[PDB]
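In structure tokens, the next block holds one chain alone, the form deposited in one PDB entry.
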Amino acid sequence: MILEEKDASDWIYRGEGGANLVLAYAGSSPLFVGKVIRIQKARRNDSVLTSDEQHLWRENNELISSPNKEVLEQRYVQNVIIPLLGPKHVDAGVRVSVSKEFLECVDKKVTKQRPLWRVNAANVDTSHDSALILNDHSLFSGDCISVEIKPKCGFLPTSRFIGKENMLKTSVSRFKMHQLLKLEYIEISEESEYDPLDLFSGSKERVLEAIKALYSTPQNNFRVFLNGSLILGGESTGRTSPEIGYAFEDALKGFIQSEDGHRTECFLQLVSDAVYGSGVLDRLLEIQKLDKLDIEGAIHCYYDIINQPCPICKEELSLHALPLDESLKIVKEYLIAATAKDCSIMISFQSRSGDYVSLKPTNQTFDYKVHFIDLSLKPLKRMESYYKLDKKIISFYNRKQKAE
């Protein structure tokens, strides 16, 4: 009922996103076996919702009346996301109380396993009294190999609201553009080989092409687990070396019944057939496409919502003419889309339901489950920051192409 200082040694580091630090259970307790703990970070860059936020989520009252951030996230997933993606692939998590000492203790424990830049940006928020418990989907429900993909955005904007100068956002994906800016900022060592347009394309061959690329340059988009311990990918991690490639190949023996050296290609095909067969990407894409207008459109609607004069227009007379009702719907939908754009997918495998994949070369049958994880509510205030960042992306790409 309250996790204490002594309980902190039963949880081991699993990884983290921007918002959360995730630990896995390594103790004996039947309440916690096969679970992970999600803990919110105190951003040194940054009560539950702002005034303008409360007006935006007005429609869903259980949300606006959340005692704390944990409950907020749980309810966001439960009442907004689940109705849209379905309960089969989404899990909302359960509240648990935690002591300041537990948090303080956990934070100290995992410091030397965290990337230094992550430490530099944020620590655990020791002021929270709560945390979230979720099923660990790197366990199935024998051996279990599991694969985490963070697909990002898989479509091109179409909007009337993209500026004349910015038209390259129409041909070239956001992830591809951002890659270039990230490189410039020493955030990544080399450009990723991944193109989400392939992953979401609905073409089987392009799906396998995306998986091969994800294997190649995982960065923060690909991870593989054997029974919970990480065996590929990182934070963002560098290109897959022969060293990496061999360690992974070895870790796969037994699970993939193929000749030494041919296990990897089998595995990648296995992942591809699962993603594609499950059609789980199509439904995520429909939620992504709730960004109907692109940030270059939506931004105008935001300034109406907060009741400020629009700086983006200077000294369209079309979005500012919409009813306030409609303006909220649009911005609301923009923020949901942002959730779907930044979540990840976990596909769990175990040897053999109508849910399975066949390995043509080996004759094995693998069962699989797919779950959407890392689904965060996005603060409304970020609408201003989305526009700035988008602008920085596109201006830098145009500048790279200006150097023909």
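All residue numbers are counted from 1 along the displayed sequence. If you superpose the two forms and keep the largest set of C-alpha atoms that fall within 1.5 Å, you have the rigid core.
Although not depicted, the form deposited in another entry is the subject of the following passage.
Summarising the superposition on the core between the shown form and the other one, the listed residues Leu84, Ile306, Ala121, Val71 contain exactly one with a Cα shift of 2 Å or larger, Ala121. After superposition on the rigid core, displacement of the C-alpha of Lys112 between the shown form and the other one amounts to 2 Å or more.
Figure legend: C-alpha atoms of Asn120 and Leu389, shown here, are separated by at least 3 angstroms more in the other form.
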